[PDB]
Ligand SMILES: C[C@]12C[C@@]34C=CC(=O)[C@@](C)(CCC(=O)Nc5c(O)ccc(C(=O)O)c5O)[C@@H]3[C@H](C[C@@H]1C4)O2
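Just one chain is shown here, as structure tokens, and it is the form deposited without this ligand.
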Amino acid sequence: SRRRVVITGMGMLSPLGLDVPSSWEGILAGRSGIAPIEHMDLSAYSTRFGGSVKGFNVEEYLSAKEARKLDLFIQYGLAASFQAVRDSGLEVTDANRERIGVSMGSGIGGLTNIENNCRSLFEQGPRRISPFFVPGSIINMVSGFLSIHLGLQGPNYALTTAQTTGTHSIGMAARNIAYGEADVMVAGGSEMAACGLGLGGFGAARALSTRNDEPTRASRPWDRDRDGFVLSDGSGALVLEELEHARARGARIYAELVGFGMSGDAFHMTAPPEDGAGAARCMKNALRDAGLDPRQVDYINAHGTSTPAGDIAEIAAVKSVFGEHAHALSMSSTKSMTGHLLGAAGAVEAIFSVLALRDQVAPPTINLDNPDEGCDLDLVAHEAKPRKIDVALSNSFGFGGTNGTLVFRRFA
């Protein structure tokens, strides 16, 4: 048997806002967070826009001295984690600190720092590399700094599964609680890949939208005029907690995490199979883990990246899994508004799936002006749809054919 896992705290930085409620207000209003990237000469690049975090003040979280040691993606992950722990109301004590851990991940980690230290090495040589370069750029330092700051002695680790990172981080933290290795975990992901190397790396693969003239219309999942993903920055963190632990302290419970699925496509390094076979196995595994029939699903937060092959693969997977229920559920891509936060995508989308359950509303897929061939599901085009949602799924698909699915249920 297995313990039950609930969500008692959430925290976020996104292109829509510097916390959860601001971001969520943007989501339900159909607002875009996408804009031309500032303070960077992107003349030579084929994409000049993305989803930046606007107005982030690290000194709300860290001293200027500790902030100078840490890449932006670590700053973002710590901001989301501190927000989530504050939101949970949890009091860390000597009686519980060995039972509270962290799994905050990243797909790409400290590209900005790597770029800046490369500049020093190439121009001046290795004596200009920062002493804090390695520990301030490695992906496990959100988990590391968080544990140090709050005195958390439970399982401490970090996943890096590309665009699936935030989903796998949350799912595996839920397993740690369900199987009694922890009572509380802070889990999610963070990303800041808007450097030359990030825009340039994805651009070299021709993976990005190049709709420079209308950045807010670039991210258009399932639209016939889509031309690749939009790169975005930010973080999401959830406090996962064992149910009896949450009830005993009078925690506010947002939702229950009832299932987690993983699978591998074993197909291609960057493209999914056209029929979404791996995404179908992953969703079936998550529903089996939850003891739910596909017909019980009400809302899917799609991966929905705005790539030709990815968006159509997801439609095929959902039709395969859900059969005569495939049109009854609502499925939307919040990446239509946020762009693609890579390893933080699954974290901010798990939060949006939990809020869909709290507020009984499916967020819109904006920009879905002309659904592509076979994209005939309820994709919540243009505007939020109030509806009944008892069960919400969140999907992530990543490079290497790595798949994750989370299943959330209303808690009463």
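Position 1 is the first residue in the sequence shown; the rest follow in order.
J.: Which wins on mean Cα temperature factor, 44-52 or 343-351?
T.: Taking the mean C-alpha B-factor of 44-52 and of 343-351, the larger value falls to 44-52.
J.: Between 368-376 and 60-68, point out the one with the higher average CA B-factor as the PDB entry records it.
T.: Result: 368-376.
J.: Tell me, please, which of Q75, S81, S320, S263 has the highest C-alpha B factor according to the deposited entry?
T.: Highest CA B-factor of the listed options: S320.
J.: Among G188, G151, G107, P308, single out the one with the highest C-alpha B factor in the record, please.
T.: Reading the PDB entry, the winner on C-alpha B-factor is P308.
J.: Considering only modelled residues of the same chain, in which third does the CA B-factor of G404 rank: lowest, middle or highest?
T.: CA B-factor rank for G404: lowest third.
J.: Looking at the temperature factor on the CA atom of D233, which third of the chain's modelled residues does it land in?
T.: CA B-factor rank for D233: lowest third.
J.: Relative to the other modelled residues in the chain, which third contains the C-alpha temperature factor of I315: lowest, middle or highest?
T.: Answer is middle: the recorded C-alpha B-factor places it there.
J.: Among the modelled residues of this chain, does the Cα B factor of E181 put it in the lowest, middle or highest third?
T.: Answer is middle: the recorded C-alpha B-factor places it there.
J.: When the modelled residues of the chain are sorted by Cα temperature factor, does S120 land in the lowest, middle or highest third?
T.: Its C-alpha B-factor belongs to the highest third of this chain's values.
There is another form of this protein, the form solved in complex with this ligand, and it is not shown here; the text below is about that form.
J.: Do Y299 and this ligand come within 4.5 Å of each other in the deposited complex, heavy atoms counted?
T.: Contact check for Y299: no, nothing within 4.5 Å of this ligand in the deposited complex.
J.: Taking this ligand as it sits in the deposited complex, is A248 near enough to touch it, meaning that at least one heavy atom pair lies within 4.5 angstroms?
T.: Contact with this ligand, no.
J.: Though only this chain appears here, would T307 touch this ligand in the deposited complex if you measure heavy atom gaps against 4.5 Å?
T.: Judged by the heavy-atom cut-off of 4.5 Å, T307 is in contact with this ligand in the deposited complex.
J.: Can you work out whether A205 and this ligand are in contact in the deposited complex, taking contact to mean some heavy atom pair no more than 4.5 Å apart?
T.: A205 belongs to the contact set for this ligand.
J.: For the stretch 384-412, return the residues whose heavy atoms include at least one within 4.5 Å of this ligand in the deposited complex, in the order they occur.
T.: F397, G398, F399 sit within 4.5 Å of the partner.
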